[PDB]
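A.B. asks: With the input below, show me the fold.
(chains A and B)
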Amino acid sequence: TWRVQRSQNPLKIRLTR
Amino acid sequence: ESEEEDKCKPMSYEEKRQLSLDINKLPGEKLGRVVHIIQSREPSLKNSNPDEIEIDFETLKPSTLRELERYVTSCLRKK
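C.D. replies: Residues are numbered from 1 along each chain as shown, chains lettered A, B, ... in the order given. Coordinates below:
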């Protein structure tokens, strides 16, 4: 399924298949 | 691509925070729909790699931000 992982940003959600 | 503007209010990190986690808690099928919102709402998006998305509230607009909150809240519910 799809995955997600935040970053150093204050609220950067990285979504990827 | 507005027809309102004034209606679109800003989104504080506070709300966005609870949203980032919520959206992540949602099921796969739910993610595909959400990611699509930003994928179509964001002009820079739609890269050669549709299997990846870069959501940065730091540059993202308030319209898209809230857009996801309306979809995540409608499904996740709360009341």
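A.B. asks: When you work out contacts or count neighbours from here on, use the C-alpha atoms and nothing else.
C.D. replies: Noted.
A.B. asks: Spit out the contact partners of residue B:31.
C.D. replies: A:2, B:23-24 (CA atoms under 8 Å, 6 or more residues apart in numbering or on different chains).
A.B. asks: from the residues you listed, which ones fall inside helices?
C.D. replies: Judged by DSSP state H, the contacts of residue B:31 include B:23-24 as members of helices.
A.B. asks: Using CSV, lay out the contacts of residue B:31 together with neighbour count and distance to residue B:66.
C.D. replies: Formatted as CSV, the contacts of residue B:31 follow (neighbours: other CA atoms under 10 Å in any protein chain shown; distance: CA to CA, whole Å):
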residue, neighbour count, distance to residue B:66
A:2, 16, 21
B:23, 21, 12
B:24, 19, 16
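A.B. asks: Turn the contacts of residue B:31 into JSON lines, columns for distance to residue B:30.
C.D. replies: Shown next, in JSON lines, are the contacts of residue B:31 (distance: CA to CA, whole Å):
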{"residue": "A:2", "distance to residue B:30": "9"}
{"residue": "B:23", "distance to residue B:30": "8"}
{"residue": "B:24", "distance to residue B:30": "9"}
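A.B. asks: Just name the closest of the contacts of residue B:31 to residue B:50, please.
C.D. replies: Proximity of the contacts of residue B:31 to residue B:50 (CA to CA) peaks at residue A:2, which lies at 12.0 Å.
A.B. asks: nearest residue to that closest one other than its sequence neighbours?
C.D. replies: residue A:17 (4.2 Å; CA to CA, 6 or more residues apart in numbering or on different chains).
A.B. asks: burial count for that neighbour?
C.D. replies: Using other CA atoms under 10 Å in any protein chain shown, residue A:17 has 14 other residues around it.
A.B. asks: what's it in contact with, if anything?
C.D. replies: Going by CA under 8 Å, 6+ apart, residue A:17 touches A:1-3, B:51-52.
A.B. asks: If we use 6 Å, what do you get?
C.D. replies: Applying CA atoms under 6 Å, 6 or more residues apart in numbering or on different chains, we find residue A:17 in contact with A:2-3, B:51.
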